[PDB]
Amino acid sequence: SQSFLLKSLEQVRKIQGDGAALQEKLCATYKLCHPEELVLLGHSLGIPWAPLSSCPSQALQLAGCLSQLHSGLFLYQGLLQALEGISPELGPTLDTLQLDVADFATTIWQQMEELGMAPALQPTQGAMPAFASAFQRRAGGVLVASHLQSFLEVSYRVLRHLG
């Protein structure tokens, strides 16, 4: 679907912009300007990063890819929620990002429905983090936004397979 391709690319764009805005605010407000410094901490906190291994350029498996996209979007929604708005000043930026993620997820779900592909549960990646300190919420923001940008760069691939 060309119309679906157009709509999904503009939604992915919108998330990527919102994510970059959240990273900019975190950098301006708390001087957390370097997502790479926070990586090993994220690992120690057990932050689950959604996989997209059924989505590669060649040997893309369409039902599997869509299932990983559906599950992964929910994972990112879960992690955003777990931030509890990070702070009163970041709340509005986080809300826009969640809304735009929701919107894209609904588009994906509508296309799964059109194709008759029910989504598969993915292997577990362990418990959601609680992010139970200010710093964790702030750093978790930087890390989740950064990772979502990369999850979305891969999502480009499948979009053109939806007819």
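One-based numbering along the sequence shown.
- Higher mean CA temperature factor, per the PDB entry, when comparing 71-79 with 88-96: 88-96.
- Comparing 12-20 with 151-159, the higher mean C-alpha B-factor in the PDB entry belongs to 151-159.
- Among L41, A59, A102, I108, the highest C-alpha B-factor in the deposited entry belongs to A59.
- Sorting the modelled residues of the chain by their CA temperature factor places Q136 in the lowest third.
- Ranked against the other modelled residues of its chain, the C-alpha B-factor of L45 as given in the entry falls in the middle third.
- The deposited CA B-factor of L66 belongs to the lowest third of values across its chain.
- The entry lists a Cα temperature factor for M112 that places it in the lowest third of the chain's modelled residues.
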